[PDB]
Amino acid sequence: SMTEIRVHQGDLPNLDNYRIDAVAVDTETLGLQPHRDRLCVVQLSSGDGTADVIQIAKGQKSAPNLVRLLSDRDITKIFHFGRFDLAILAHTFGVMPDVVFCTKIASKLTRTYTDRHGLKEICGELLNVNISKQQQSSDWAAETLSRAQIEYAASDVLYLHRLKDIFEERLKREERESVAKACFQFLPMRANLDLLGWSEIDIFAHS
Amino acid sequence: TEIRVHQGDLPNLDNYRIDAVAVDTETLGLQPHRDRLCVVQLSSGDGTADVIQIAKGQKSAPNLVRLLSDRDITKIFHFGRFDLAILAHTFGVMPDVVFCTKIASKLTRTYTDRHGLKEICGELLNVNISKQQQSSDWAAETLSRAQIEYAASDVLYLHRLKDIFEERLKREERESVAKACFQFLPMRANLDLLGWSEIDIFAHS
Amino acid sequence: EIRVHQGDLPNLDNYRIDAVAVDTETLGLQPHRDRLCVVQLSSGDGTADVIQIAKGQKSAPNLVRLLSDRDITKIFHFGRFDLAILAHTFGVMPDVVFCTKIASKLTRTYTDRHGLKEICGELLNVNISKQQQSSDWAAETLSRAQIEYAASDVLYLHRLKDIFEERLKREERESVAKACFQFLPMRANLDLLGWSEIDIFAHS
Amino acid sequence: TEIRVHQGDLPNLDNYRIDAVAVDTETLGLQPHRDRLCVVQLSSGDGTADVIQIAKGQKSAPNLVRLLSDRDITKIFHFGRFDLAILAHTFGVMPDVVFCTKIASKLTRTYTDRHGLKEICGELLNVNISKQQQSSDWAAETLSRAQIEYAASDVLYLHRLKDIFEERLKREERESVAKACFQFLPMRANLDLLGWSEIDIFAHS
Amino acid sequence: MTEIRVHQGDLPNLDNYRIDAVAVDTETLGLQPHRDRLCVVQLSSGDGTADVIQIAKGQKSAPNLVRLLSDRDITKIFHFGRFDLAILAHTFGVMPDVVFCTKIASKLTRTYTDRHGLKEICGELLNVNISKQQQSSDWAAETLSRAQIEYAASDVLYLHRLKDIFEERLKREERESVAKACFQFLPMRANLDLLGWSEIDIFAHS
Amino acid sequence: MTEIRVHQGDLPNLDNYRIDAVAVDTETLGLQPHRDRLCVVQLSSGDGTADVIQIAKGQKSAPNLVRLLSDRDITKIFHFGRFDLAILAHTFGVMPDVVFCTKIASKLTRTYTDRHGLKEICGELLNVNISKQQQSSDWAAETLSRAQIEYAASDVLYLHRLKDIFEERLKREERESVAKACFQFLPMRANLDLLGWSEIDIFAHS
Amino acid sequence: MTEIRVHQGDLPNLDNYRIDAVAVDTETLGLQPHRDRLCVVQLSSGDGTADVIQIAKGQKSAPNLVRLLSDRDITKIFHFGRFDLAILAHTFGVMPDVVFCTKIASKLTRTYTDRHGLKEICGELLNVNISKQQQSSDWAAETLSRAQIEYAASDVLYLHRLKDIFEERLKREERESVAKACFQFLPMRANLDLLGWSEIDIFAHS
Amino acid sequence: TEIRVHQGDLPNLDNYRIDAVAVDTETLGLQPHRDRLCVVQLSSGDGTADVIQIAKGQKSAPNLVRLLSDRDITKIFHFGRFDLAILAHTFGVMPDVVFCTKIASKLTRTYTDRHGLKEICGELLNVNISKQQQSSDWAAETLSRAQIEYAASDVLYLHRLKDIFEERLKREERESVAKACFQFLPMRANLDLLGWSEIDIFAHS
Ligand SMILES: Nc1ncnc2c1ncn2[C@@H]1O[C@H](COP(=O)(O)O)[C@@H](OP(=O)(O)O)[C@H]1O
Ligand SMILES: Nc1ncnc2c1ncn2[C@@H]1O[C@H](COP(=O)(O)O)[C@@H](OP(=O)(O)O)[C@H]1O
Ligand SMILES: Nc1ncnc2c1ncn2[C@@H]1O[C@H](COP(=O)(O)O)[C@@H](OP(=O)(O)O)[C@H]1O
Ligand SMILES: Nc1ncnc2c1ncn2[C@@H]1O[C@H](COP(=O)(O)O)[C@@H](OP(=O)(O)O)[C@H]1O
Ligand SMILES: Nc1ncnc2c1ncn2[C@@H]1O[C@H](COP(=O)(O)O)[C@@H](OP(=O)(O)O)[C@H]1O
Ligand SMILES: Nc1ncnc2c1ncn2[C@@H]1O[C@H](COP(=O)(O)O)[C@@H](OP(=O)(O)O)[C@H]1O
Ligand SMILES: Nc1ncnc2c1ncn2[C@@H]1O[C@H](COP(=O)(O)O)[C@@H](OP(=O)(O)O)[C@H]1O
Ligand SMILES: Nc1ncnc2c1ncn2[C@@H]1O[C@H](COP(=O)(O)O)[C@@H](OP(=O)(O)O)[C@H]1O
């Protein structure tokens, strides 16, 4: 709840809550096209049940404490569908995180019995946790976010550590750890390809 | 042009003391778990090619495999995603120093959606590739002259294409992008073998 | 409060305003086959006028006066259709318009749902019921549910336009929007002339 | 066929003291944010053409931009939606006096869905445009003769096409419709550059 | 509380059908007349009652029903008569030729929608709810359930009232002669289906 | 070597058309009758000659042509008459109602193919090559080119011969009454197109 | 609460399976047998109880289970046996060849619908509600949840009753020999899938 | 090329004292309940063929039906699924000893999706089949020479194709698979006649 959500303008005040080896990251934007739709919110969690919700201003190009986390190679950044978050973060702040774990890719490599790899479905199946998608289609650029917006934004990062632990168990069980690591290693370049103009192209397809 | 046809393996590596080798395969089809490797083609880029027939059930070819495993030799493919899969499935070795002219074309020939080898050879080299023998019995005990010449044609021009694509990648400042794609390409081939050949592992849905 | 009229507004006493919300109801989406049945208006004050248009009716002077008045912005949701049927029926094409569908497509970039019900729910927390959309709009006597539906289509457009204007300004798209609104009458004319299925600007 | 080839810009406007100029562009692809402007072609309609090679990183072209900004000169394009976008993106100036033969074709050649320049030139003028060089490296330091002839053919006939389409627009009483379309075209190109290139802004859904 | 008379094979007589128009529907084992037999024929005079006639496997005759179907003084009202006409003609060898179809009528009058199903039409025109739950059931069963019997009856209980409304709309929009021509071709459209053209719009360019 | 008489406005008289069936085709500015005007009407008596009639912008009458179109003792033969009937009725205010359509006949007889265009039918049944190059041309041109005129004539030169062969096949496969009912509805199918149903198969379930 | 016996590796014995027909289903990590391992085999004698057998990663034999699968005197009942047969033969090396499939049976008899899933069939023929919630779950888990165990049992608890009804319908519609032939080919259809034709209808023209 | 044309039936079985017979049909179309059987073609594989015109309403063809019922004679088809249906529909006898070159192609030519008789004849035999007469009036009282040659060409090569496919089925160890497909083929044809022609009975959905 709000007792464990901290809301910031522009950047984290410091990294006191992020002296950790992995951080859960998500974004909210005005849409899915980074060259048109600005970054509006960045959400973080340490995995301790709290979240930081950082409002990004129009035209903002810097956030040194957040960007230090994104650049710190000793901290794994956990995303759900990091392909998008990596693109908007690199586009906005000029830094592409390069140590990452993605729960969507992990799901596609382990939940081979379904085609539903969205966060809501994964949190339901793996954690019995209910995620509401209601605030996803809202004005994330508003000067003041609603309480429902803040709690929705925070819920997208509160569970990614636990999902990562379970997916790592499954990847070990099915002997796919090196496959997953190679996908994660390429994911920042997949994001770059999107920013450069190949967002509709599977670069590995025959045609 | 000279085309040397071999059974099982190269006799030696005397023509392949080189830094990059052009490689293609022919099979009974596109499903490596069903369709066996039938031919491996090589060229040093000198205008000659080696066409190696692979027997049913064959799982070794020491001279060929030495080249495929040699980290100091770049293996040049057109659509290496497939060739890497069938080579690793057959011989147990996954090359990890590669250049793929299809990926290179997709990163440089941004004005077209035609990234096949025939189209690329015609545009960049004014070389005409015939596709007629693509649909043939590559498992035949004796290949026809047309099969042999088609198989050789798939590797005779890859060095020249690689040089041009490298120029374009530099010109448009996409060298690090291409290198990352080539670095992931063996794992993309691995994903295909393990059961994800119909899945873009990076797509949202 | 909904005021129901036969044929035309009795007068323009309620419409000495800078902008008027407009919608239509018809027998379907093909102006050459499907007649104009209803024109709805609102001044923005939470009341509406619902004008039943008779089969074969060729004029409505008070309504056409508003539609032709260049000092009054006509607000539509998907004006592309309303402009076509109004011009086809009464012979006058409005040329000072604001369309909340176009404005939504220029500002609600986070969704592909640009219908009026979705927009009212999101921006106003107003629930639009679509149940009476598929009904006999040519009926001699409209049902209360029809009348309330038709009015609901115009009662909120002023409030939507104010919000969309703020977003257009925030994202610096005011002049893009203005140009789209400027072309919308000719887009409607293109539909009437036989290009309704053609994006005239597409390559193919 | 006299084709004058320039680096960067026209040397002067001596050939373009005219009321309408035919304009085309060649690029590395259809995405202006990725694919740079490589060539601008111009014709006064006298049977000659100017082919201007645009350098990578080139930000200005004062003589060409003078024509593009001159409100007394109609810029004639075939599918100006694209040309307007890449020119405005590259040099910062959006022409606002335009005629587009693709829009004119769609408003007059109502008996067909084939509105490409090759089709239009064949039907209206019995002139055969070859499309072979369309897929080529338009960023090459030296364009080939075939490339230069292709680039010129894109502009050599637009004046003649414009005259015929104007007659058909008059005959079918669609002049004001065409004029409104041409007037919105720069904003349609702007919409593309801003991120709506895949969206018919006027569609219901 | 709807009175539904269930019969084996045929109506016992035509006492309830000395009328100018009869509502007709069928139930079958599926939509392919050469494979899927006619199982049920439903009739209503429009008086709020219905007759539900179970057709046996291999049954080729039902003289009282077939008299109604052949009587040119009686308009047969269907919803999507294209199918019912086909299965009735295939089974009994008689093609009704005086018909009214509420689906065609809807397509010519409810121009503001693409939803021309009976359930949607009954809801809009009459504020009557049709349940579709029993549509996919074993219509060949020796004993139909009450749910099946009520479903079969609901298909015919409202066609007279629908026809009256559609006739008013056809007159208002001046489409009576258009509809009449469509109804007159409908038996031949059904015949075309039986002959092998069921997947072909015979009037299409391609 | 083929006699093609070109007229402006109308036939000068009916001297060449004291016959029991006439082949008819149209050319227009496109497939939308409300936007795309009738530009040409072509006729042939079946004697290897053709009349090509240019129709002016806004022209609404053509008394000799319309006498033929209205004459119930003269069958009008079309290929895809569905369209020709629509534009002719739209322009001249008369709907021909004694018609034969070689496209419908082909669909009812050439059951082994889905290629029912005039070029394919002429090649298969007559070994006659029809060129389509001039189909996409400006049929409103004040002066038609020789190639346009020959194309327009070729659309009507062979319809009698096609009709005779299709009538043999309809007889052989016993589909004459089916074809006749299709031809009888075709004017109303054209009317439906003009009234706003040109994209709707009025007989489809959905 | 249903009696469900949960086993590790194999049935302890065949004492509950001295019967003429056994209901069989499987659970796996997915639909690709060369990637997705067999995790569970479920059995029912038809007495309202089930056996749920957890199959370990890398397990290559299950002697009692395979005895049933290879017993030509015991009909193996599946719903969509095409998949179960493939994963069973791939895992244990034995292809059952005396089978009945309720999915094929449904396609041959429930001709009035295109919904041939187990849930829809159980709802219609038995008024039994199958929940599909646990279908997407980690079937490889060391400890299956009670929800998983009940779901896995529900897939075999009703197949005897369905088979009885479908045999009645196949007889009513005179399709017993067609159905038998389909069941006899089903093992080879599963083999074709394992060999690389899982996406190919081997009998299609193209 | 000797083609013997008969009315109704073979005059005798003198040319068919053989272990395998090549069979094809021609019809008025693909719907056996509407489109009658018009022609039945036979070849012993000796490079000659018999073309049997079947009359409208003909219910009997005793010599042909003797061959179709003879369990000592394999009936070779290309796409026997259809021919089996129209033959059983017309004469009441379903052959149950069959070989189908289309099924055999799908089981062996795994490198292509082109399994038509023309493609197969060109690849395996270098024989060119013309499809021109396929769309013709097969019900004509007098077939043209081109029709008769087309119908003969459909059976003249099936023995030679069967031999090659039998070699490939052996090579790839798929003989039992093919045999089971051929043994279900009559029931697949029966399924089509009973009303399942648009349904893959084995599909999940
Ligand atoms: N191409 C895409 N398709 C769908 N969602 C996308 C997307 N690109 C980015 N997203 C966003 O990335 C996340 C996808 O999550 P999911 O897999 O559950 O659909 C969502 O963000 P949020 O989680 O911040 O709402 C979604 O809005
Ligand atoms: N999914 C696929 N689609 C098309 N070709 C594929 C393929 N997988 C492998 N290939 C083969 O990889 C090469 C693709 O080449 P291209 O891009 O020109 O189509 C071809 O081999 P060959 O070059 O040996 O004929 C082709 O047979
Ligand atoms: N091509 C079209 N598609 C859908 N609705 C259309 C339409 N053309 C006109 N309309 C009508 O214009 C409005 C579109 O609204 P929306 O964007 O919410 O779907 C609706 O009118 P009403 O608001 O009067 O019902 C609808 O009936
Ligand atoms: N979305 C698009 N689709 C197709 N062609 C496009 C295009 N955008 C720009 N073009 C280019 O605009 C012109 C379209 O021409 P056409 O209508 O004849 O197809 C071509 O340029 P060029 O004429 O310089 O080759 C084409 O390369
Ligand atoms: N091609 C078809 N598509 C859908 N329904 C069809 C059909 N052919 C026949 N029917 C049946 O005709 C009626 C269609 O009605 P509707 O338009 O409301 O969908 C239904 O019968 P019932 O009304 O007896 O259930 C339906 O089962
Ligand atoms: N919807 C449509 N689709 C295709 N052709 C159409 C058509 N409507 C009218 N036509 C015209 O009707 C005729 C159909 O011919 P076909 O069956 O050979 O394609 C052609 O005329 P013309 O013969 O005068 O060129 C064609 O131009
Ligand atoms: N291609 C496929 N499509 C859908 N389900 C498939 C399938 N292959 C195997 N299955 C499985 O076979 C059964 C199909 O059931 P249905 O016909 O009701 O959809 C399901 O198993 P379970 O019954 O054990 O869940 C499903 O998981
Ligand atoms: N569903 C179908 N699709 C295509 N052809 C079919 C068919 N059913 C039957 N046929 C006929 O079966 C043969 C298929 O051949 P192919 O595989 O080469 O396309 C052809 O006959 P003919 O060979 O006698 O002409 C074709 O006319």
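Residues numbered from 1 in each chain as written, not as in the entry; some residues may be left out. Chains lettered and ligands numbered in written order. Heavy atoms only, no water. Residues with missing side-chain atoms left out of burial classes, pairs and counts.

1. Digging into the overall build of chain A
Our working rule: The numbering of helices and of strands both runs from the N terminus, where a helix is a DSSP run of H or I of at least 4 residues and a strand a run of E of at least 2. The size measure is the radius of gyration over C-alpha atoms, and the globule rule it meets is 2.2 Å times the number of residues to the 0.38 power. For every residue, the accessible area obtained with a 1.4 Å probe (protein chains only) is divided by the maximum for its type, and the residue is called buried under 20%, exposed over 50%, and partly exposed between those limits. Whether two residues are in contact is decided by their heavy atoms: any pair within 4.5 Å suffices. For the accessible areas, the method is Shrake-Rupley and the probe is 1.4 Å, while residue cover comes only from the protein chains on display. Charge counting treats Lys and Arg as positive and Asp and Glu as negative, with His and both chain ends excluded. The atoms used to mark charge sites are NZ of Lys, CZ of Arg, CG of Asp and CD of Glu.
For chain A, the count of helices and strands is seven helices and six strands. Its helices and strands in sequence order give chain A the pattern β-β-β-β-α-β-α-β-α-α-α-α-α, from N to C terminus. Its C-alpha atoms give chain A a radius of gyration of 16 Å, near enough to 17 Å, the size a compact globule of 207 residues would have. For chain A, the spread of C-alpha atoms along the principal axes amounts to about 45 × 40 × 35 Å. A total of 207 residues make up chain A; the buried ones form 63% of that total. Of all intrachain contacts in chain A linking residues separated by at least 6 positions in sequence, the fraction that spans at least 24 positions is 66%. Put simply, chain A shows about 8,600 Å² of open surface, and 46% of that area lies on carbon and sulfur atoms. Computing the positive centroid from 25 side-chain charges and the negative centroid from 29, chain A places the two 3 Å apart.

2. Observations concerning the site of ligand 4
Rules: By convention in these notes, a residue is near a molecule or strand provided one of its non-hydrogen atoms lies within 4 Å of it. Side-chain atoms alone can form a polar contact between residues adjacent in sequence; in general such a contact is a pair of N or O atoms within 3.5 Å, and within protein one must be able to donate a hydrogen while the other accepts it. For this scheme, ten residues count as nonpolar: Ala, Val, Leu, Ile, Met, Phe, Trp, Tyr, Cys and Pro. Four count as charged, namely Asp, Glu, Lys and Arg, and the remainder, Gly too, count as polar.
Around ligand 4 there are 16 residues in total, and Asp-24, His-78, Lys-102, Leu-117 and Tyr-150 of chain D lie nearest to it. Mapping the residues near ligand 4 onto chains gives chains C and D. Within the side chain of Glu-26 of chain D, one N or O atom sits 2.8 Å away from an oxygen atom of ligand 4. Contact between ligand 4 and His-78 of chain D: an oxygen atom at 2.7 Å from a side-chain N or O atom of the residue. When ligand 4 sits alone it has 560 Å² of accessible area, and the protein chains cover 76% of it. Contributions of two or more residues to the shell around ligand 4 are made by strand 2 (20-27) and helix 5 (145-156) of chain D. By residue number, the principal contributor to the shell around ligand 4 is strand 2 of chain D, which donates three residues. Here the shell around ligand 4 is composed, by residue class, of five nonpolar, six polar and five charged.

3. Points about the UniProt feature "binding site: GMP 3" (unreviewed entry) in chain A
Residues and elements named next belong to chain A. Inclusion rule: UniProt positions are given in the numbering used here, feature names are shortened, and annotations may be inferred rather than shown by experiment.
Residues annotated in UniProt with the feature "binding site: GMP 3" (unreviewed entry) correspond here to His-80, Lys-104, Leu-119 and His-206. Taking the farthest pair of C-alpha atoms as the criterion, the annotated set spanning 127 residues is dispersed, since that pair is 29.8 Å apart. Counting through the fold element by element, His-80 comes out in the loop between strand 5 (76-79) and helix 2 (82-93). Residue class for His-80 comes out buried when judged on its relative accessible area of 14%. Ignoring sequence-local partners within four residues, the contact set of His-80 consists of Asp-85, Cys-102, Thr-103, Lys-104, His-117, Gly-118, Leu-119, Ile-122 and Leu-160. Among the polar contacts listed, one links the side chain of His-80 to the side chain of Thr-103, at a separation of 2.8 Å.

4. Describing the interface of chain H and chain E
This is how the line gets drawn: Put simply, buried area is the surface a 1.4 Å probe can reach on two separate parts but cannot reach once they are joined, added for both. For salt bridges, the criterion is a side-chain nitrogen of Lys or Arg within 4 Å of an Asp or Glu carboxyl oxygen.
Across the contact, five residues belong to chain H and five residues belong to chain E. For the pair chain H and chain E, the summed buried area comes to about 410 Å², and 45% of that belongs to carbon and sulfur atoms. Counting across the interface, chain H meets chain E through zero salt bridges. Joining chain H to chain E, the criterion identifies four residue pairs in polar contact.

5. Concerning the UniProt feature "binding site: Mn(2+) 2" (unreviewed entry) in chain A
All names here are of chain A. When the UniProt feature table is mapped onto this chain numbering, "binding site: Mn(2+) 2" (unreviewed entry) sits at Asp-26 and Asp-85. Spanning 60 residues, the annotated positions come together in the fold, the maximum distance between their C-alpha atoms being 6.4 Å. By the element assignment, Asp-26 lies in strand 2 (residues 22-29). Relative to the elements of secondary structure, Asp-85 occurs in helix 2.

6. Here's the deal with the interface of chain B and chain A
If you look at the interface, chain B gives 25 residues, while chain A gives 26 residues. Summed over the three residues of chain B that lose the most area to chain A, namely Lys-106, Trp-196 and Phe-202 of chain B, the buried surface amounts to 28% of that side. The interface formed by chain B and chain A contains zero salt bridges. Contributing elements (two or more residues each) for the side of chain B that touches chain A: helix 3 (101-108) and helix 7 (175-196) of chain B. When residues of the side of chain B that touches chain A are assigned to their parent elements, the largest contribution, 11 residues, is made by helix 7 of chain B. The class makeup of the residues in the side of chain B that touches chain A is 16 nonpolar, three polar and six charged.

7. Some thoughts on the sheet that holds strand 1 (residues 3-7) of chain H
All names here are of chain H. We count it as follows: For two strands to be treated as a pair, DSSP must find at least two bridges joining them. The convention used is that axes are lines fitted to C-alpha atoms, helices contributing only their stretch in contact, and that angles between N-to-C directions extend from 0 to 180 degrees.
One open sheet holds the six strands; their spatial order is 1-4-3-2-5-6, and the pairing between them is mixed. Looking at the sheet topology across the chains shown, the edges are occupied by strand 1 and strand 6 (98-100). In this sheet, adjacent strand axes meet at a mean angle of 25° when their direction is disregarded. Bridge analysis of strand 5 (residues 74-77) against strand 6 gives three bridges, and the strand direction is parallel. What sits directly across from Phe-77, in strand 6, is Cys-100. Here helix 3 (residues 101-108) sits on the sheet and contacts strand 5 and strand 6; the angle it forms with strand 6, its principal contact strand, is near 55°.

8. So, the UniProt feature "binding site: Mn(2+) 2" (unreviewed entry) in chain C
Residues and elements named next belong to chain C. Here the UniProt feature "binding site: Mn(2+) 2" (unreviewed entry) sits at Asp-23 and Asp-82. As for its placement among the helices and strands, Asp-23 is situated in strand 2 (residues 19-26). Residue classification places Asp-23 among the buried residues on the basis of a relative accessible area of 11%. Excluding its chain neighbours within four sequence positions, the residues that come into contact with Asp-23 are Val-38, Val-39, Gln-40, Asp-82, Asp-153 and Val-154. Topologically, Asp-82 is positioned in helix 2 (residues 79-90).

9. Thoughts on the site of ligand 1
Ligand 1 sits among 16 residues. The nearest are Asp-26, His-80, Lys-104, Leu-119 and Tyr-152 of chain A. Two or more chains meet at ligand 1, and those chains are chains A and B. In this structure, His-80 of chain A approaches ligand 1 through a side-chain N or O atom, which is 2.7 Å from an oxygen atom. Residue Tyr-152 of chain A places a side-chain N or O atom 2.5 Å away from an oxygen atom belonging to ligand 1. About the coverage of ligand 1: the protein hides 77% of its 560 Å² of free accessible area. Each residue belonging to the shell around ligand 1 can be placed in one class, and the counts come to five nonpolar, six polar and five charged.

10. Brief notes about helix 2 of chain A
Residue and element names in this part refer to chain A. Put simply, the test is: In this analysis, the expected span of each helix is defined as 1.5 Å times one less than the number of residues it contains.
The terminal C-alpha atoms of helix 2 lie 16 Å apart, and with 12 residues this matches the ideal 16 Å at 1.5 Å per residue to within 8%. Counted residue by residue, helix 2 has 11 buried out of 12 residues, so it is predominantly covered. Looking at helix 2, one finds that the buried residues are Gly-82, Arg-83, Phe-84, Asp-85, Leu-86, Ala-87, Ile-88, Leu-89, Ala-90, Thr-92 and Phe-93. Residues of helix 2 that are buried in the fold lie against strand 2, strand 3 (39-45), helix 1 (64-71), strand 5, strand 6 (100-102) and helix 7 (177-198). Looking one or two places after helix 2, you find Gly-94, whose phi comes out positive at around 75°.

11. Description of the packing of helix 2 (residues 81-92) of chain E against helix 7 (residues 176-197) of chain E
All names here are of chain E. Put simply, the rule is: Here is the rule for handedness: rotate from the far helix to the near one, and if that takes an anticlockwise turn smaller than a right angle the crossing is left-handed, while a clockwise turn gives right-handed.
Relative to each other, helix 2 and helix 7 sit at 60°, their axes nearing to 8 Å. When the axes of helix 2 and helix 7 are compared, the crossing they make is right-handed. In contact with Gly-81, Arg-82, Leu-85, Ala-86, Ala-89 and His-90 of helix 2, helix 7 contributes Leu-186, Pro-187, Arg-189, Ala-190, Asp-193 and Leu-194. Looking at the contact of helix 2 with helix 7, its residues break down into seven nonpolar, two polar and three charged.

12. A look at the arrangement of the chains
Chain D shows no contact with chain E. Their nearest C-alpha atoms sit 16 Å apart. When C-alpha atoms are compared, chain A and chain F, though not in contact, are closest at a spacing of 31 Å.

13. Considering the packing of aromatic side chains
Note the cut-off: Side-chain rings of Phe, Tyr and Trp, where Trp is taken by its six-membered ring, are said to pair if the distance between their centres is within 6.5 Å; with planes under 30 degrees apart they count as stacked, over 60 as edge-to-face, and otherwise as tilted.
Summed over the entire model, instances satisfying the criterion amount to 36 aromatic pairs over all chains. On the basis of an interplanar angle of 45° and a centroid distance of 4.7 Å, the ring pair of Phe-99 of chain D and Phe-182 of chain D is categorised as tilted. Linking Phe-99 of chain D in strand 6 (residues 98-100) with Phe-182 of chain D in helix 7 (residues 175-196), this pair joins segments that are 83 residues apart in sequence. The same class applies to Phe-99 of chain D and to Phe-182 of chain D, which are both buried. Measuring from centroid to centroid gives 5.3 Å for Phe-203 of chain E and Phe-185 of chain F, while their planes differ by 50°, and the two rings are tilted.

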